[PDB]
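The structure appears right after this line, and notes come after that.
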Amino acid sequence: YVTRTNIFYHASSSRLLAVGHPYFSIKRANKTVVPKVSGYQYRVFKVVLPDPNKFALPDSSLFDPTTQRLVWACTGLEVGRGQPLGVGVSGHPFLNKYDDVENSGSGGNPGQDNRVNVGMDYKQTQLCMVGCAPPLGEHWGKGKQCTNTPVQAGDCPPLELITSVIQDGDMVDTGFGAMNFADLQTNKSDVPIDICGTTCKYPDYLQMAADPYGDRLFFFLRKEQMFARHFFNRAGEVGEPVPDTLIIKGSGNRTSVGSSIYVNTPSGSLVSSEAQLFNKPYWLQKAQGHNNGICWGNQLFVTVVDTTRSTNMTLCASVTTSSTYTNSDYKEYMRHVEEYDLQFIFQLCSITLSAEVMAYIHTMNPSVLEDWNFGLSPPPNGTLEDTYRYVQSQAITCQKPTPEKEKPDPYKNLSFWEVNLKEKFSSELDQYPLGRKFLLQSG
Amino acid sequence: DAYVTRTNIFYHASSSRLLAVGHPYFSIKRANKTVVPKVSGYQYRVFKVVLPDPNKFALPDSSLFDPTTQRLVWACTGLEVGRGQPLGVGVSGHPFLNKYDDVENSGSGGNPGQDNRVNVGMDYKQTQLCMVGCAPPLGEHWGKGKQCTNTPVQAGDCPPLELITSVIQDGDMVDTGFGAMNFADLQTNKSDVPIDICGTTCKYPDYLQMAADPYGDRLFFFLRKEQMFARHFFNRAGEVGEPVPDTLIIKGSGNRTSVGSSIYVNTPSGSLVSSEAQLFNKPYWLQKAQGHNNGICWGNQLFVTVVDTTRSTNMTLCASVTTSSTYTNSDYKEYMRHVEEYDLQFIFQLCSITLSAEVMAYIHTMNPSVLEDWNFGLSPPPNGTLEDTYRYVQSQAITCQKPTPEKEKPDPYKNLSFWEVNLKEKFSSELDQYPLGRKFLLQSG
Amino acid sequence: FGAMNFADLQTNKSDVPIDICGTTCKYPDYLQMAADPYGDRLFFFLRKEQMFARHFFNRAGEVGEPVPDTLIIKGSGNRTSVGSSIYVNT
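Residue numbers (this note's numbering), protein chains in the order written: chain A, 1 to 443; chain B, 1001 to 1445; chain C, 2001 to 2090.
Listed below in structure tokens is the structure:
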């Protein structure tokens, strides 16, 4: 039903800032000096693009400027990523830990504060997600216990699966679960320090496969490998005693209980250069969903998260410039670099205009009708109803801080990294490389 | 399969979600009942699919088929496992293990027993599999205790073994490769294996036994992937039992007149995940099956078994019964659960049958107990036939117990238990606005 | 380890091996070469690299900036001492 056009463009930025501290965000209450800039953080970008009915087109002899609209059609998609390779690492300098359970006979008596410096690697991961609708991240928090008996602190609760949109800055889980280590962990010491202040996420694809619009997902790959290195313990008491059915009470020191909690050790394998999905161009020559290149609002969502170039930088600075070697010479400083760019090739679609397909987009999305004009008057939404909002000689209806004002813009508290490229088009494409790579593909 | 006609009717089904969490190692409960059962990654996954009768739905045309002759049924086309968790393995062990010491890097030799039980946690082997069929599958493990019995038994003899072909119930742990055998029976130490394996039974499927009956009620799809490597080596602690023959060894004096370890124990291990090596969310298409059964839910009913190790993570959270204090090791008490996620995405084809005598003979061959659900099976001579003379011997207070013949066999497996799912309700004609029903067009072309 | 003038950024001259103590490592990009519309610096390229992590090590000296007092739970007595969160990949 769409009108496939004839002319293709391209835009790209030149660079994208991401440099600074991997471990955490040091920020004064007056001002921020550097955010937590880490490789493991989710990297979501949104470009803003212009509108093709806004940009005047001189070769418009195909279509009449009243009976038709115009929308872009994203065709060629390409991820720019150009840093040197290398693994990063984090940890916790104070970890609840008895010993290696693998080669040890029994454990000592838990006294006070066996929290020591252990610093651990993470997994391989590379991914991509492209659309004109934001993606959903699925995480958990503690389920509220139901009021049958009063609970004491120190309990196992159940757990609610929480759907949320994905921000920037939050990190991916490393097989430790999309769970609130803010809420569920309560000691601030059991998981590493990079994540202990927050929670981690993961995208659920099957509910993401459950949309009729197609505008949220049409193209997606993944790699993500991992193995487990070691087996250690926690340090503390156990809220659940293991039963005496399948165990035997011993004698002597064996009557003193050993560790029941075991912890794993997530760990990365060898890296690969060849297996990277970066800088291989992709095209929706055919769609898998309901978005046949029809991105809306001149808006794009991209999220690509990587662990491969994750190396964090070491740098020191002298304090006294001493001659004979001391330990009081150099104060430490830790940063970590990231660098990306985005490269995209497009098409157009001139929309045939009736009220039926004007009723189509409302059945897809009602928000962008605010600028999709057609004549603003005859969407006749009005039908018969009693009254909710429009009878105000007030007397029962009141002071109302919340009810209708915080809801209509959903993404304002969604804090994520942004990109503004509303002028970077290109008519001819022999002067741009990846379109020339397309030019042999088109022939 | 050449007696039915492949129709043109194709629908879609969908289960939305299946939330399931629980403690990994054992089940927590009071004395009464379980609200929080033992859930972990390595339990076998027995399920039941339930489909409604196709004749009771108003199919769009009534002329191409005839209900007075035949009673059509669903037929399967292509299904897949929609696994949905972040990838990761969670491990366990047993806090009191039977062991001398390590044999690999033998620093010094041991002397047996004296109760030095060992806390060692280790990983497992890896599996991935999928298995379907209109009848639930049959697994195996080993048994103990019976012989031809000519000789008496002393304290602690050697028993022979016995293979137990048995059904898989859900919650049964899949083995780490040790042995499909009753650990409650053969492992009397109650200490030697990890904690969820100490009392229960691990089992395993026999695929050639699935290849035995040539119908195919237990198999028409069969895909697999497993990997394996063992890291280091152990002993046990105890007594030798059967001694090694010294007829080829040469003994020695000093401390070496004493016996060393003869019992030698592996420590198996797992390799990394390979996310391209999985088999989930890839649409599977079989135009030609492997048994006589070309994908028919005989019973309007199916059985799927798929066990994961990739998303086998354990999960922790810390909690202090204390309000706040200066930090000791006596502050927090710990709790463990284990997340799970499974969903099913289901495409079928309505298939017509025809009624003939050898047809209704063959249903009595296949499962004779099922035609009573069908309606056009009527016996014109009576089966009750007034042998009891239609219940009038005298009924001398028979009324109280007259109803004790109610009805028998309403379930073939009453004591068998497993988790399942209702699917009487999730159907639609045009699957195109559903996911993967557009991928129906790809394979068809 | 990084694309830097290391002897500038490290005044210790002892936190890296020898051939990077007073030198400066570089690494070729692709994209600026991809950006040029002439290609006198690019017409055919390829690469292959493998790496994994052996160990984790530390550095000793003046401490850095710790967390803002809440993600730490303060140790007791001997455990009051806090050290190198400098996490050395290998």
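Think of the CB as a built atom: it goes at the ideal place given N, C-alpha and C, for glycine as much as any other residue.
Could you list which residues in chain C have their beta carbon closer than 7 Å to that of B/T1326, in chain order? Here the neighbours are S2076.
In the stretch 1356–1421 of chain B, which residue ranges form an unbroken alpha helix (DSSP H) of at least 4 residues, counting only runs that do not cross its ends? 1357–1366
Closest to B/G1145 by C-alpha separation, out of B/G1156, B/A1135, B/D1101, would be which residue? B/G1156
Is the Cβ of A/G76 closer than 9 Å to any Cβ of chain C? no
Cβ atoms of B/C1351 and residue 964 of chain B: under 9 Å apart, would you say? What the structure shows of chain B is the stretch from 1001 to 1445, and residue 964 of chain B is not part of that stretch, so it cannot be assessed.
When you check each C-beta in the stretch 1118–1136 of chain B against every C-beta of chain A, which residues fall closer than 8 Å? Those would be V1118, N1119, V1120, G1121, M1122, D1123, in chain order.
When you compare the CB of C/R2059 with every CB in chain A, is at least one pair closer than 9 Å? A Cβ of chain A is located within less than 9 Å of the beta carbon of C/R2059.
Distance check for B/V1089 and B/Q1227, CA to CA, integer angstroms please. Roughly 14 Å separates the two Cα atoms.
Under the DSSP definition of a beta bridge, which residues are partnered with B/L1097? Per DSSP, B/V1118.
Inter-residue Cα distance where the pair is A/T324 and C/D2008: 20 Å
Can you tell me whether A/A29 is buried or exposed? The criterion is at least 16 other CB atoms within 10 Å of its CB, across all chains shown. Burial call: exposed.
So which residues on chain C does A/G268 lean against when the C-beta distance must stay under 9 Å? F2052, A2053
Using CA atoms only, rank isn't needed, just tell me which of B/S1106, B/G1109, B/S1108, B/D1115 is closest to A/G105. B/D1115
Is B/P1037 close to chain A? Criterion is C-beta to C-beta, closer than 9 Å. no
Length of the line joining the Cα atoms of A/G108 and A/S259: 9 Å
Could you give the first and the last residue of the continuous alpha helix (DSSP H) run that contains A/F63? Taken as a continuous stretch (DSSP letters only), A/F63 belongs to no alpha helix (DSSP H), as it is neither H nor E.
Own chain residues within Cβ distance below 8 Å of A/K249, not counting five before or after: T255
B/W1142: which of B/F1346, B/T1201, B/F1065, B/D1170 sits nearest, CA to CA? B/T1201
Can you tell which of B/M1315, B/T1309, B/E1334 has the C-alpha that lies nearest to the C-alpha of B/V1321? B/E1334
So, with DSSP's three-state summary, where would you put A/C156? coil
Counting only beta-carbon atoms, is A/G82 nearer than 9 Å to chain C? Closer than 9 Å to some Cβ of chain C, the Cβ of A/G82 qualifies, so yes.
Indicate the three-state DSSP secondary structure (helix, strand or coil) for C/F2056 in the structure shown. strand
In chain A, which residues lie with their C-beta within 7 Å of the C-beta of B/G1090? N264
Under 9 Å between beta-carbons, which chain A residues line up against B/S1191? List them in chain order, please. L246, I247, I248, listed in chain order.
Looking only at its own chain, which residues have a Cβ that is under 7 Å from the Cβ of A/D59, when we skip the five neighbours before and after it? none
Quick one: what's got a C-beta closer than 7 Å to A/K422's C-beta in the same chain, skipping five residues either side? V48, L49, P50
Residue nearest to A/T66 in terms of C-alpha spacing, selected from A/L429, A/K424, A/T352, A/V118: A/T352
What is the residue span of the beta strand (DSSP E) that A/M226 lies within? First-last for A/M226: undefined, no H or E at that position.
Contact list for the stretch 158–182 of chain A against chain C, Cβ threshold 7 Å: none
Taking C-beta to C-beta, are A/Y23 and A/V305 nearer than 9 Å? no
Starting from A/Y205, find everything on chain B with Cβ-Cβ shorter than 9 Å and list it in chain order. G1082, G1084, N1281
Minimum C-alpha distance to A/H336 - residue among A/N312, A/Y213, A/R4: A/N312
Do A/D215 and A/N291 have their C-beta atoms closer together than 9 Å? yes
Under the assumption that B/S1444 contacts B/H1012 (Cβ atoms under 8 Å), give the Cβ distance between them as a whole number of angstroms. So it is not a contact: roughly 15 Å between Cβ atoms.
Check each residue of the stretch 423–440 of chain A: if its Cβ is closer than 7 Å to any Cβ of chain C, include it; give the result in chain order. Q431, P433
C-alpha distance - B/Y1342 paired with B/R1311, whole-angstrom precision: 11 Å
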